[PDB]
file final12.tsv (TSV, C-alpha atoms)
chain	number	residue	atom	x	y	z
W	1	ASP	CA	17.38	-52.96	-3.03
W	2	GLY	CA	16.48	-49.96	-0.87
W	3	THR	CA	20.04	-48.92	0.00
W	4	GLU	CA	21.41	-45.38	0.29
W	5	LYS	CA	23.00	-43.84	-2.79
W	6	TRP	CA	24.07	-40.63	-1.00
W	7	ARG	CA	22.79	-37.97	1.38
W	8	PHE	CA	23.19	-34.19	1.29
W	9	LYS	CA	23.03	-32.33	4.59
W	10	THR	CA	21.43	-28.88	4.80
W	11	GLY	CA	21.38	-26.77	7.93
W	12	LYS	CA	17.73	-27.35	8.87
W	13	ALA	CA	14.60	-29.41	8.20
W	14	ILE	CA	13.36	-29.83	4.62
W	15	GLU	CA	9.57	-29.37	4.52
W	16	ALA	CA	8.80	-29.58	0.78
W	17	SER	CA	9.35	-32.07	-2.01
W	18	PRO	CA	12.46	-31.77	-4.18
W	19	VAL	CA	12.11	-30.92	-7.87
W	20	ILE	CA	14.18	-32.57	-10.62
W	21	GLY	CA	15.33	-30.61	-13.65
W	22	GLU	CA	15.56	-31.86	-17.22
W	23	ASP	CA	19.30	-32.62	-16.88
W	24	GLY	CA	18.79	-34.55	-13.63
W	25	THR	CA	19.69	-31.72	-11.23
W	26	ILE	CA	17.74	-32.12	-7.99
W	27	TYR	CA	16.52	-28.86	-6.49
W	28	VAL	CA	15.44	-28.70	-2.86
W	29	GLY	CA	14.61	-25.90	-0.47
W	30	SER	CA	15.64	-26.03	3.18
W	31	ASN	CA	14.52	-24.26	6.31
W	32	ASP	CA	18.08	-22.91	6.43
W	33	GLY	CA	16.90	-20.46	3.74
W	34	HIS	CA	18.87	-21.89	0.82
W	35	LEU	CA	17.67	-23.49	-2.39
W	36	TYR	CA	20.16	-26.22	-3.23
W	37	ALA	CA	20.94	-27.58	-6.69
W	38	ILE	CA	22.40	-31.06	-6.25
W	39	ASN	CA	23.98	-33.08	-9.03
W	40	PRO	CA	22.78	-36.67	-9.63
W	41	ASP	CA	26.02	-37.92	-8.00
W	42	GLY	CA	25.31	-36.07	-4.74
W	43	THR	CA	27.77	-33.23	-5.15
W	44	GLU	CA	26.57	-29.65	-4.80
W	45	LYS	CA	26.06	-27.78	-8.06
W	46	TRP	CA	25.21	-24.47	-6.36
W	47	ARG	CA	23.25	-23.02	-3.46
W	48	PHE	CA	21.12	-19.87	-3.45
W	49	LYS	CA	20.55	-18.04	-0.17
W	50	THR	CA	17.26	-16.36	0.72
W	51	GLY	CA	16.71	-14.66	4.03
W	52	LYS	CA	14.28	-17.19	5.54
W	53	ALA	CA	13.04	-20.77	5.30
W	54	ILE	CA	11.75	-22.11	1.98
W	55	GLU	CA	8.52	-23.97	2.78
W	56	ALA	CA	7.39	-24.89	-0.75
W	57	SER	CA	8.80	-26.71	-3.74
W	58	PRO	CA	10.31	-24.63	-6.57
W	59	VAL	CA	8.96	-24.75	-10.12
W	60	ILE	CA	10.88	-24.66	-13.40
W	61	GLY	CA	9.94	-22.61	-16.47
W	62	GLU	CA	10.40	-23.53	-20.13
W	63	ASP	CA	13.87	-21.96	-20.33
W	64	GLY	CA	15.09	-23.70	-17.17
W	65	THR	CA	14.58	-20.74	-14.84
W	66	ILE	CA	13.91	-21.98	-11.31
W	67	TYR	CA	11.24	-20.03	-9.43
W	68	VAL	CA	10.99	-20.37	-5.65
W	69	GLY	CA	9.11	-18.55	-2.92
W	70	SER	CA	10.71	-17.74	0.42
W	71	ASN	CA	9.45	-16.89	3.89
W	72	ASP	CA	11.36	-13.63	3.41
W	73	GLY	CA	8.46	-12.56	1.19
W	74	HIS	CA	10.29	-12.71	-2.15
W	75	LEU	CA	9.69	-14.68	-5.31
W	76	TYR	CA	13.08	-15.54	-6.79
W	77	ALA	CA	14.01	-16.37	-10.37
W	78	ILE	CA	17.29	-18.29	-10.49
W	79	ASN	CA	19.42	-19.05	-13.52
W	80	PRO	CA	20.04	-22.81	-13.72
D	1	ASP	CA	0.28	-57.30	-2.45
D	2	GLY	CA	0.49	-54.94	0.52
D	3	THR	CA	3.75	-56.31	1.91
D	4	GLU	CA	6.82	-54.31	2.85
D	5	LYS	CA	9.58	-54.24	0.25
D	6	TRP	CA	12.07	-52.23	2.36
D	7	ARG	CA	12.27	-49.28	4.74
D	8	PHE	CA	14.77	-46.41	4.90
D	9	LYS	CA	15.29	-44.66	8.24
D	10	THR	CA	15.96	-40.93	8.60
D	11	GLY	CA	16.54	-39.08	11.86
D	12	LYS	CA	13.26	-37.11	11.96
D	13	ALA	CA	9.77	-36.92	10.47
D	14	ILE	CA	9.35	-36.91	6.69
D	15	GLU	CA	6.80	-34.17	6.00
D	16	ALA	CA	6.90	-34.03	2.19
D	17	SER	CA	6.24	-36.60	-0.52
D	18	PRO	CA	9.25	-38.21	-2.24
D	19	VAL	CA	10.03	-37.85	-5.93
D	20	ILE	CA	11.50	-40.43	-8.30
D	21	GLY	CA	14.28	-39.81	-10.81
D	22	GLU	CA	14.45	-41.05	-14.39
D	23	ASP	CA	16.71	-43.97	-13.43
D	24	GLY	CA	14.43	-44.99	-10.54
D	25	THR	CA	16.37	-43.20	-7.79
D	26	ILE	CA	14.04	-42.10	-5.00
D	27	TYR	CA	14.71	-38.66	-3.52
D	28	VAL	CA	13.22	-37.58	-0.19
D	29	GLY	CA	13.78	-34.71	2.22
D	30	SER	CA	13.73	-35.19	5.98
D	31	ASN	CA	13.25	-32.97	9.00
D	32	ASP	CA	16.76	-34.12	9.95
D	33	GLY	CA	17.98	-31.68	7.30
D	34	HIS	CA	19.18	-34.15	4.66
D	35	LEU	CA	18.10	-34.82	1.11
D	36	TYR	CA	18.38	-38.57	0.59
D	37	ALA	CA	18.89	-40.41	-2.70
D	38	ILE	CA	17.70	-43.99	-2.31
D	39	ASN	CA	18.19	-46.92	-4.67
D	40	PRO	CA	14.88	-48.61	-5.60
C	1	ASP	CA	-24.69	-35.77	-8.76
C	2	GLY	CA	-23.10	-34.80	-5.45
C	3	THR	CA	-24.24	-37.92	-3.62
C	4	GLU	CA	-22.06	-40.09	-1.41
C	5	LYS	CA	-20.70	-43.22	-3.08
C	6	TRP	CA	-19.00	-44.61	0.03
C	7	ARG	CA	-16.88	-43.54	2.98
C	8	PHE	CA	-13.82	-45.20	4.46
C	9	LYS	CA	-13.16	-44.58	8.14
C	10	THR	CA	-9.65	-44.26	9.53
C	11	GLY	CA	-8.74	-43.73	13.15
C	12	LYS	CA	-7.49	-40.14	12.86
C	13	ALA	CA	-7.42	-37.09	10.58
C	14	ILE	CA	-6.28	-37.40	6.96
C	15	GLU	CA	-3.99	-34.45	6.14
C	16	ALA	CA	-2.77	-35.36	2.62
C	17	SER	CA	-4.49	-36.02	-0.68
C	18	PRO	CA	-5.05	-39.64	-1.74
C	19	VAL	CA	-3.36	-41.02	-4.83
C	20	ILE	CA	-4.89	-43.44	-7.33
C	21	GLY	CA	-2.97	-46.33	-8.85
C	22	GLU	CA	-3.18	-47.65	-12.39
C	23	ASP	CA	-5.68	-50.37	-11.42
C	24	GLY	CA	-7.98	-47.89	-9.66
C	25	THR	CA	-6.80	-48.72	-6.13
C	26	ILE	CA	-7.01	-45.62	-3.92
C	27	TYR	CA	-4.16	-45.05	-1.47
C	28	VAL	CA	-4.41	-42.65	1.46
C	29	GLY	CA	-2.29	-41.92	4.51
C	30	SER	CA	-3.76	-41.22	7.93
C	31	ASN	CA	-2.69	-39.71	11.24
C	32	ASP	CA	-3.48	-43.13	12.74
C	33	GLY	CA	-0.17	-44.31	11.27
C	34	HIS	CA	-1.54	-46.50	8.46
C	35	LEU	CA	-1.35	-46.34	4.69
C	36	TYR	CA	-4.64	-47.66	3.33
C	37	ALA	CA	-5.38	-49.34	0.01
C	38	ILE	CA	-9.08	-48.94	-0.78
C	39	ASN	CA	-11.00	-50.66	-3.56
C	40	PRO	CA	-13.15	-48.55	-5.93
C	41	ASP	CA	-16.25	-50.05	-4.22
C	42	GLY	CA	-15.14	-48.71	-0.81
C	43	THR	CA	-13.86	-51.93	0.78
C	44	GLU	CA	-10.38	-52.28	2.25
C	45	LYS	CA	-7.82	-54.12	0.14
C	46	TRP	CA	-5.04	-53.99	2.76
C	47	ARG	CA	-3.44	-51.69	5.30
C	48	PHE	CA	0.20	-51.07	6.21
C	49	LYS	CA	0.97	-49.78	9.70
C	50	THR	CA	3.86	-47.31	10.10
C	51	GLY	CA	5.10	-45.74	13.28
C	52	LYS	CA	3.48	-42.30	13.44
C	53	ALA	CA	1.12	-40.14	11.34
C	54	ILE	CA	1.60	-39.73	7.59
C	55	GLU	CA	1.50	-36.04	6.57
C	56	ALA	CA	2.30	-36.33	2.84
C	57	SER	CA	0.75	-38.07	-0.15
C	58	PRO	CA	2.05	-41.50	-1.23
C	59	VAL	CA	4.07	-41.69	-4.45
C	60	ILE	CA	3.76	-44.68	-6.81
C	61	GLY	CA	6.66	-45.86	-8.95
C	62	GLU	CA	6.55	-47.27	-12.47
C	63	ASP	CA	6.56	-50.89	-11.23
C	64	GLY	CA	3.63	-50.24	-8.87
C	65	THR	CA	5.67	-49.86	-5.68
C	66	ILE	CA	4.02	-47.38	-3.30
C	67	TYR	CA	6.40	-45.08	-1.43
C	68	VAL	CA	5.23	-43.22	1.66
C	69	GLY	CA	6.90	-41.09	4.32
C	70	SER	CA	6.08	-41.05	8.00
C	71	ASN	CA	6.56	-38.98	11.12
C	72	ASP	CA	8.42	-42.02	12.47
C	73	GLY	CA	11.32	-41.00	10.23
C	74	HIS	CA	11.12	-43.84	7.71
C	75	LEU	CA	10.38	-43.96	4.01
C	76	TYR	CA	8.43	-47.12	3.18
C	77	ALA	CA	8.37	-49.00	-0.13
C	78	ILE	CA	5.14	-51.00	-0.29
C	79	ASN	CA	4.21	-53.72	-2.78
C	80	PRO	CA	0.99	-53.16	-4.90
S	1	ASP	CA	25.08	-21.12	-12.93
S	2	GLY	CA	22.94	-20.44	-9.87
S	3	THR	CA	22.92	-16.65	-10.17
S	4	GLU	CA	19.89	-14.48	-9.43
S	5	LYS	CA	17.82	-13.53	-12.47
S	6	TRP	CA	15.52	-11.21	-10.46
S	7	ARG	CA	13.55	-11.09	-7.22
S	8	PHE	CA	10.05	-9.75	-6.53
S	9	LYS	CA	9.20	-8.66	-2.99
S	10	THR	CA	5.73	-9.28	-1.55
S	11	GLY	CA	4.53	-8.05	1.83
S	12	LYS	CA	4.78	-11.38	3.68
S	13	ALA	CA	6.03	-14.97	3.50
S	14	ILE	CA	5.15	-17.07	0.45
S	15	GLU	CA	4.02	-20.49	1.72
S	16	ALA	CA	3.04	-22.21	-1.56
S	17	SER	CA	4.65	-23.04	-4.87
S	18	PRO	CA	4.25	-20.58	-7.76
S	19	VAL	CA	2.30	-21.63	-10.85
S	20	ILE	CA	3.33	-20.76	-14.43
S	21	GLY	CA	0.78	-19.87	-17.13
S	22	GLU	CA	0.91	-20.64	-20.85
S	23	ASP	CA	2.46	-17.25	-21.64
S	24	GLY	CA	5.13	-17.63	-18.94
S	25	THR	CA	3.37	-15.47	-16.34
S	26	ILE	CA	4.29	-16.66	-12.85
S	27	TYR	CA	1.43	-16.60	-10.36
S	28	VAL	CA	2.18	-16.72	-6.65
S	29	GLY	CA	0.14	-16.18	-3.50
S	30	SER	CA	1.47	-14.28	-0.49
S	31	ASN	CA	0.56	-14.18	3.18
S	32	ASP	CA	-0.03	-10.47	2.54
S	33	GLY	CA	-3.34	-11.55	0.99
S	34	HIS	CA	-2.51	-10.86	-2.67
S	35	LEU	CA	-2.16	-13.14	-5.68
S	36	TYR	CA	0.62	-11.77	-7.85
S	37	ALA	CA	1.06	-12.15	-11.61
S	38	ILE	CA	4.73	-11.61	-12.47
S	39	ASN	CA	6.04	-11.27	-16.00
S	40	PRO	CA	9.00	-13.43	-17.11
S	41	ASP	CA	11.24	-10.33	-16.85
S	42	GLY	CA	10.35	-9.75	-13.19
S	43	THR	CA	8.00	-6.81	-13.62
S	44	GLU	CA	4.55	-6.92	-12.06
S	45	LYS	CA	1.66	-7.65	-14.42
S	46	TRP	CA	-1.08	-7.21	-11.79
S	47	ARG	CA	-1.99	-8.02	-8.20
S	48	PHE	CA	-5.32	-9.24	-6.81
S	49	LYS	CA	-6.21	-8.52	-3.18
S	50	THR	CA	-8.01	-11.00	-0.93
S	51	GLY	CA	-8.87	-10.43	2.70
S	52	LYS	CA	-6.38	-12.86	4.26
S	53	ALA	CA	-3.25	-14.93	3.61
S	54	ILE	CA	-3.17	-17.31	0.64
S	55	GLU	CA	-1.72	-20.64	1.83
S	56	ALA	CA	-2.01	-22.78	-1.33
S	57	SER	CA	-0.99	-22.65	-4.97
S	58	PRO	CA	-3.41	-21.19	-7.53
S	59	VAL	CA	-4.68	-23.33	-10.38
S	60	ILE	CA	-5.42	-22.28	-13.96
S	61	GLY	CA	-8.36	-23.46	-16.01
S	62	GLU	CA	-8.18	-24.34	-19.69
S	63	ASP	CA	-9.35	-20.84	-20.70
S	64	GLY	CA	-6.68	-19.21	-18.52
S	65	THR	CA	-8.91	-18.30	-15.58
S	66	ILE	CA	-6.81	-18.35	-12.40
S	67	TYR	CA	-8.47	-19.85	-9.34
S	68	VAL	CA	-7.11	-19.29	-5.85
S	69	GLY	CA	-8.39	-19.94	-2.34
S	70	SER	CA	-7.93	-17.52	0.55
S	71	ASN	CA	-7.97	-17.75	4.31
S	72	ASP	CA	-10.82	-15.23	4.07
S	73	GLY	CA	-12.97	-18.22	3.08
S	74	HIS	CA	-13.47	-17.29	-0.57
S	75	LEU	CA	-12.52	-19.03	-3.79
S	76	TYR	CA	-11.61	-16.42	-6.39
S	77	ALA	CA	-11.72	-16.62	-10.18
S	78	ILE	CA	-9.38	-14.11	-11.81
S	79	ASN	CA	-9.18	-13.07	-15.46
S	80	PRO	CA	-5.69	-13.51	-17.09
L	1	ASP	CA	-6.47	-8.52	-17.25
L	2	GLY	CA	-6.30	-9.23	-13.53
L	3	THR	CA	-9.97	-8.52	-12.93
L	4	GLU	CA	-12.27	-10.55	-10.74
L	5	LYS	CA	-14.49	-12.91	-12.69
L	6	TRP	CA	-16.47	-14.06	-9.64
L	7	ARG	CA	-15.98	-15.10	-6.02
L	8	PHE	CA	-17.49	-17.96	-4.01
L	9	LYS	CA	-17.74	-17.71	-0.22
L	10	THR	CA	-17.32	-20.67	2.10
L	11	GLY	CA	-17.66	-20.66	5.88
L	12	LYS	CA	-13.96	-20.83	6.77
L	13	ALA	CA	-10.43	-20.67	5.38
L	14	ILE	CA	-9.51	-22.69	2.29
L	15	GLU	CA	-6.14	-24.34	2.99
L	16	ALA	CA	-5.68	-26.42	-0.17
L	17	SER	CA	-5.57	-25.87	-3.90
L	18	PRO	CA	-8.79	-26.39	-5.88
L	19	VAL	CA	-8.94	-28.97	-8.65
L	20	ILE	CA	-10.76	-28.80	-11.99
L	21	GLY	CA	-12.60	-31.67	-13.65
L	22	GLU	CA	-12.72	-32.40	-17.38
L	23	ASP	CA	-16.04	-30.63	-17.74
L	24	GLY	CA	-14.78	-27.51	-16.02
L	25	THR	CA	-16.34	-28.20	-12.63
L	26	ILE	CA	-14.22	-26.61	-9.90
L	27	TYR	CA	-13.89	-28.57	-6.67
L	28	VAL	CA	-12.50	-27.01	-3.50
L	29	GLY	CA	-12.32	-28.08	0.13
L	30	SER	CA	-12.96	-25.80	3.07
L	31	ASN	CA	-12.32	-25.61	6.80
L	32	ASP	CA	-16.11	-25.36	7.19
L	33	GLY	CA	-16.17	-29.11	6.48
L	34	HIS	CA	-17.76	-29.00	3.02
L	35	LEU	CA	-16.52	-29.98	-0.41
L	36	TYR	CA	-17.96	-27.52	-2.92
L	37	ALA	CA	-18.62	-28.03	-6.64
L	38	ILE	CA	-18.64	-24.69	-8.47
L	39	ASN	CA	-19.61	-24.08	-12.08
L	40	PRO	CA	-17.34	-22.05	-14.40
L	41	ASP	CA	-19.74	-19.08	-14.04
L	42	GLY	CA	-19.32	-19.01	-10.24
L	43	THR	CA	-22.66	-20.52	-9.26
L	44	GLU	CA	-22.84	-23.52	-6.93
L	45	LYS	CA	-23.57	-26.96	-8.39
L	46	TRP	CA	-23.62	-28.90	-5.09
L	47	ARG	CA	-21.92	-29.23	-1.71
L	48	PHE	CA	-20.99	-32.25	0.41
L	49	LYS	CA	-20.66	-31.93	4.19
L	50	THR	CA	-17.99	-33.76	6.21
L	51	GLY	CA	-17.47	-33.80	9.96
L	52	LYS	CA	-14.38	-31.56	10.13
L	53	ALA	CA	-12.04	-29.29	8.16
L	54	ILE	CA	-10.58	-30.44	4.83
L	55	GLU	CA	-6.84	-29.70	4.68
L	56	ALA	CA	-5.90	-31.37	1.36
L	57	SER	CA	-6.97	-31.05	-2.26
L	58	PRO	CA	-9.56	-33.50	-3.63
L	59	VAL	CA	-8.46	-36.03	-6.25
L	60	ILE	CA	-10.63	-36.97	-9.25
L	61	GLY	CA	-10.60	-40.55	-10.52
L	62	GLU	CA	-10.85	-41.80	-14.10
L	63	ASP	CA	-14.57	-42.56	-13.62
L	64	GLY	CA	-15.26	-39.02	-12.34
L	65	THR	CA	-15.46	-39.96	-8.66
L	66	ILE	CA	-14.23	-37.16	-6.40
L	67	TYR	CA	-12.16	-38.33	-3.43
L	68	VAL	CA	-11.47	-36.07	-0.46
L	69	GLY	CA	-10.01	-36.65	2.99
L	70	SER	CA	-11.37	-35.00	6.13
L	71	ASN	CA	-10.03	-34.22	9.58
L	72	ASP	CA	-12.95	-36.36	10.79
L	73	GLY	CA	-10.90	-39.40	9.76
L	74	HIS	CA	-12.88	-40.52	6.70
L	75	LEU	CA	-12.00	-40.65	3.02
L	76	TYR	CA	-15.10	-39.69	1.05
L	77	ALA	CA	-15.97	-40.83	-2.48
L	78	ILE	CA	-18.48	-38.46	-4.08
L	79	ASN	CA	-20.47	-39.01	-7.26
L	80	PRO	CA	-19.73	-36.42	-10.08
call {"tool": "encode", "arguments": {"input": "final12.tsv", "output": "structure tokens"}}
result
Amino acid sequence: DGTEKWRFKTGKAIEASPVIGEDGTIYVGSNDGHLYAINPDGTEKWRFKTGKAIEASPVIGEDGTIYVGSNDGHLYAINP
Amino acid sequence: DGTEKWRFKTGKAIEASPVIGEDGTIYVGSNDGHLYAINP
Amino acid sequence: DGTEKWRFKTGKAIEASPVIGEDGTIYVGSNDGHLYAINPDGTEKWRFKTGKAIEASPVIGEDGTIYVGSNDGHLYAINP
Amino acid sequence: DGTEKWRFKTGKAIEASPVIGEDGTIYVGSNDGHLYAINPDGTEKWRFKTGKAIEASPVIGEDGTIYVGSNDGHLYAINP
Amino acid sequence: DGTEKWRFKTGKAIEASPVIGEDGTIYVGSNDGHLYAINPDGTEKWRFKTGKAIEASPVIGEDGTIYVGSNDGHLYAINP
């Protein structure tokens, strides 16, 4: 098929692969400094602001915690 | 067989590898700022 | 034993890791704008020309489709 | 629900994904030259200093040894 | 306990994550153009020289072949 299901616009370029959680939530970091949690249907579940661009994919722990590094120098642990 | 199945255009370079969902949906980020969900 | 088995020349730098399919075919992107399919014995199986350099590894789906991004802004779905 | 669980500040931008060990320890490299080992509760377990920025994710061997490359040209092997 | 087990020096910055083979061999690329094979105890097993810097992690095939791309435009296949 190859058609578009949906698109979600962030404020700046996305430089790292998205990560999919166990429940289907798609997590993606943007150069706009936010980590976005997007539902399978394309709506926004939540966004988490860091002070600078996120250049690397987040990882998910056993309990669902999402860990992501930021250019602001912090490692964040986010409740899913 | 090396042939093209389809192509999906974004507005800028795609710098990161795509990922595939459980149902086959293909997710990819673009330098144009969007996360795309593409049907296989 | 550290010896060379073969080498496959592309026109420009290779910035991303190759991926290996189920049948052993080795896929690699190049800054010369092509996605290469290389046989285990080092010969070329096929090549697919894109628009600009490929900076990220190809991803292979369950049905063997090879997906690859490009600096030309497109995501390509390539048959096995 | 997208809320912050904790944050851990390093000296400089984190350019690579964190890696999680078997016990839940989160390892992450920083441009400040250190590899950090962060406990699940956000406290620091240890830090390991290299001479230059760490631009790529660490990897863990089967016995727990943590391997990380540095811009200082060295590959380090760190005890858990 | 966060201590150094060993270190291995290469000529230039290491920009990509190392990979580990089944037998414990640690493979890592380097901007000095070589792919290094390092034993679990930190000693060198062998090295393979390419024309230019290696920016991406090597990939190990089912048959043990180590594949690595170079900025010199070639994809190298190296015997175990």
call {"tool": "residues_around", "arguments": {"input": "final12.tsv", "residues": "residue 9 (chain D)", "least_positions_apart": "4", "cutoff": "7 Å", "atoms": "only C-alpha atoms", "output": "list in words"}}
result
residues 73, 74 and 75 of chain C
call {"tool": "write_last_selection", "arguments": {"input": "final12.tsv", "atoms": "C-alpha atoms", "output": "PDB file, in the frame of the given file"}}
result
ATOM      1  CA  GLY C  73      11.320 -41.000  10.230  1.00  0.00           C
ATOM      2  CA  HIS C  74      11.120 -43.840   7.710  1.00  0.00           C
ATOM      3  CA  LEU C  75      10.380 -43.960   4.010  1.00  0.00           C
TER       4      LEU C  75
END
call {"tool": "atom_distance", "arguments": {"input": "final12.tsv", "atom1": "CA of residue 2 (chain S)", "atom2": "CA of residue 46 (chain W)"}}
result
5.8 Å
call {"tool": "atom_distance", "arguments": {"input": "final12.tsv", "atom1": "CA of residue 79 (chain S)", "atom2": "CA of residue 9 (chain L)"}}
result
18.1 Å
call {"tool": "atom_distance", "arguments": {"input": "final12.tsv", "atom1": "CA of residue 22 (chain D)", "atom2": "CA of residue 48 (chain W)"}}
result
24.8 Å
call {"tool": "interface_residues", "arguments": {"input": "final12.tsv", "of": "chain C", "to": "chain D", "cutoff": "9 Å", "atoms": "all atoms listed in the file", "output": "PDB file with C-alpha atoms, in the coordinates of the input"}}
result
ATOM      1  CA  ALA C  37      -5.380 -49.340   0.010  1.00  0.00           C
ATOM      2  CA  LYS C  45      -7.820 -54.120   0.140  1.00  0.00           C
ATOM      3  CA  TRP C  46      -5.040 -53.990   2.760  1.00  0.00           C
ATOM      4  CA  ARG C  47      -3.440 -51.690   5.300  1.00  0.00           C
ATOM      5  CA  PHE C  48       0.200 -51.070   6.210  1.00  0.00           C
ATOM      6  CA  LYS C  52       3.480 -42.300  13.440  1.00  0.00           C
ATOM      7  CA  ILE C  54       1.600 -39.730   7.590  1.00  0.00           C
ATOM      8  CA  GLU C  55       1.500 -36.040   6.570  1.00  0.00           C
ATOM      9  CA  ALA C  56       2.300 -36.330   2.840  1.00  0.00           C
ATOM     10  CA  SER C  57       0.750 -38.070  -0.150  1.00  0.00           C
ATOM     11  CA  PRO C  58       2.050 -41.500  -1.230  1.00  0.00           C
ATOM     12  CA  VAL C  59       4.070 -41.690  -4.450  1.00  0.00           C
ATOM     13  CA  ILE C  60       3.760 -44.680  -6.810  1.00  0.00           C
ATOM     14  CA  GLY C  61       6.660 -45.860  -8.950  1.00  0.00           C
ATOM     15  CA  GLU C  62       6.550 -47.270 -12.470  1.00  0.00           C
ATOM     16  CA  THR C  65       5.670 -49.860  -5.680  1.00  0.00           C
ATOM     17  CA  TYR C  67       6.400 -45.080  -1.430  1.00  0.00           C
ATOM     18  CA  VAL C  68       5.230 -43.220   1.660  1.00  0.00           C
ATOM     19  CA  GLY C  69       6.900 -41.090   4.320  1.00  0.00           C
ATOM     20  CA  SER C  70       6.080 -41.050   8.000  1.00  0.00           C
ATOM     21  CA  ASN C  71       6.560 -38.980  11.120  1.00  0.00           C
ATOM     22  CA  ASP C  72       8.420 -42.020  12.470  1.00  0.00           C
ATOM     23  CA  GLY C  73      11.320 -41.000  10.230  1.00  0.00           C
ATOM     24  CA  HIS C  74      11.120 -43.840   7.710  1.00  0.00           C
ATOM     25  CA  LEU C  75      10.380 -43.960   4.010  1.00  0.00           C
ATOM     26  CA  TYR C  76       8.430 -47.120   3.180  1.00  0.00           C
ATOM     27  CA  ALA C  77       8.370 -49.000  -0.130  1.00  0.00           C
ATOM     28  CA  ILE C  78       5.140 -51.000  -0.290  1.00  0.00           C
ATOM     29  CA  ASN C  79       4.210 -53.720  -2.780  1.00  0.00           C
ATOM     30  CA  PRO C  80       0.990 -53.160  -4.900  1.00  0.00           C
TER      31      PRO C  80
END
call {"tool": "closest_residue", "arguments": {"input": "final12.tsv", "among": "W:17, W:6, W:66, W:12", "to": "chain C", "atoms": "only C-alpha atoms"}}
result
W:17
call {"tool": "residues_around", "arguments": {"input": "final12.tsv", "residues": "residue 11 (chain C)", "least_positions_apart": "5", "cutoff": "8 Å", "atoms": "only C-alpha atoms", "output": "PDB file with C-alpha atoms, in the frame of the given file"}}
result
ATOM      1  CA  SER C  30      -3.760 -41.220   7.930  1.00  0.00           C
ATOM      2  CA  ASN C  31      -2.690 -39.710  11.240  1.00  0.00           C
ATOM      3  CA  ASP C  32      -3.480 -43.130  12.740  1.00  0.00           C
TER       4      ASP C  32
ATOM      5  CA  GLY L  73     -10.900 -39.400   9.760  1.00  0.00           C
TER       6      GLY L  73
END
call {"tool": "closest_atom_pairs", "arguments": {"input": "final12.tsv", "of": "chain C", "to": "chain L", "cutoff": "12 Å", "atoms": "all atoms listed in the file", "output": "tab-separated table"}}
result
residue	atom	partner	partner_atom	distance
C:1	CA	L:80	CA	5.2
C:2	CA	L:79	CA	5.3
C:3	CA	L:79	CA	5.4
C:4	CA	L:78	CA	4.8
C:5	CA	L:77	CA	5.3
C:6	CA	L:77	CA	5.5
C:7	CA	L:76	CA	4.7
C:8	CA	L:75	CA	5.1
C:9	CA	L:74	CA	4.3
C:10	CA	L:73	CA	5.0
C:11	CA	L:73	CA	5.9
C:12	CA	L:73	CA	4.7
C:13	CA	L:71	CA	4.0
C:14	CA	L:69	CA	5.5
C:15	CA	L:55	CA	5.7
C:16	CA	L:56	CA	5.2
C:17	CA	L:56	CA	5.3
C:18	CA	L:59	CA	6.7
C:19	CA	L:59	CA	7.3
C:20	CA	L:61	CA	7.2
C:21	CA	L:61	CA	9.7
C:22	CA	L:62	CA	9.8
C:23	CA	L:62	CA	10.4
C:24	CA	L:61	CA	7.8
C:25	CA	L:61	CA	10.0
C:26	CA	L:67	CA	8.9
C:27	CA	L:75	CA	10.0
C:28	CA	L:75	CA	8.0
C:29	CA	L:69	CA	9.5
C:30	CA	L:73	CA	7.6
C:31	CA	L:73	CA	8.3
C:32	CA	L:73	CA	8.8
C:33	CA	L:73	CA	11.9
C:34	CA	L:73	CA	11.8
C:36	CA	L:75	CA	10.2
C:37	CA	L:75	CA	11.3
C:38	CA	L:75	CA	9.6
C:39	CA	L:77	CA	11.1
C:40	CA	L:77	CA	8.9
C:41	CA	L:77	CA	9.4
C:42	CA	L:77	CA	8.1
C:43	CA	L:75	CA	11.6
C:44	CA	L:75	CA	11.8
C:55	CA	L:56	CA	10.2
C:56	CA	L:56	CA	9.7
C:57	CA	L:56	CA	9.6
call {"tool": "axis_aligned_box", "arguments": {"input": "final12.tsv", "around": "region 61-77 of chain W", "padding_each_side": "3 Å", "output": "AutoDock Vina command-line options"}}
result
--center_x 11.8 --center_y -18.1 --center_z -8.2 --size_x 12.6 --size_y 17.1 --size_z 30.2
